[PDB]
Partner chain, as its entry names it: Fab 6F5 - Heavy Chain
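The chain below stands alone and is given in structure tokens; this is the form solved without its partner chain.
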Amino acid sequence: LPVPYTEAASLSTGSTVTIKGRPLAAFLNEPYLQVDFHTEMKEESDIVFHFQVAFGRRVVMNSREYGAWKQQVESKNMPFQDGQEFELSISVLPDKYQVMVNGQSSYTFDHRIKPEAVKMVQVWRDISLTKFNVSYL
């Protein structure tokens, strides 16, 4: 898939976003991955859920509300493996997003804005992408 990858989407409780891909560099070179749930089709729109992996180092999550970044949450959990593909699954729960990596629950992020505000998902920075799927149950 082309990266940056953009897909229109709608989310509610029970939605799952599944991303499958590979970093474009060895962890020694510190590639990044960014997944942004946007409120409008435009890249400059607000971000309900920002998920940013510094491969081999940390994860930060945040929201961008009326143009401004809010309270950053950091996690040093690093289930991604150097030089390997990954399967990333982001589930919408009533109270939070749950982020699974390779089948393992790894991060969560409480809703700051209703997920029904999402209109677009963008996946970008230093990855190649083989699948992107949004599914509802």
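Numbering follows the first chain given and starts at 1.
Colleague: Could you check which stretch, 84 to 92 or 32 to 40, carries the larger mean CA temperature factor in the entry?
Modeller: On average, C-alpha B-factors are higher across 84 to 92.
Colleague: Quick one: higher average CA temperature factor, 70 to 78 or 49 to 57?
Modeller: Averaging CA B-factors over each stretch, the winner is 70 to 78.
Colleague: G21's Cα B-factor: lowest, middle or highest third of the chain?
Modeller: CA B-factor rank for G21: middle third.
Colleague: Among the chain's modelled residues, which third holds the C-alpha B-factor of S10?
Modeller: Its C-alpha B-factor, which the entry lists for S10, ranks in the highest third among residues of this chain.
Colleague: Would you mind ranking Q104 by its C-alpha B-factor against the rest of the chain and naming the third, lowest, middle or highest?
Modeller: Its C-alpha B-factor, which the entry lists for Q104, ranks in the highest third among residues of this chain.
Beyond what is shown, the protein has a form solved in complex with its partner chain; the following relates to that form.
Colleague: Given that its partner chain is not shown alongside this chain, does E65 nevertheless sit within 4.5 Å of it in the entry with it bound, heavy atom to heavy atom?
Modeller: Yes, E65 sits close enough to its partner chain in the entry with it bound that at least one of its heavy atoms falls within 4.5 Å.
Colleague: Verify the contact flag for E85: yes if a non-hydrogen atom of it lies within 4.5 Å of a non-hydrogen atom of its partner chain in the entry with it bound, no if not.
Modeller: Contact with its partner chain, no.
Colleague: Could you list which residues of 99 to 137 come within 4.5 Å of its partner chain in the entry with it bound, counting heavy atoms only?
Modeller: Contacts from 99 to 137: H111, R112, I113, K114, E116, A117.
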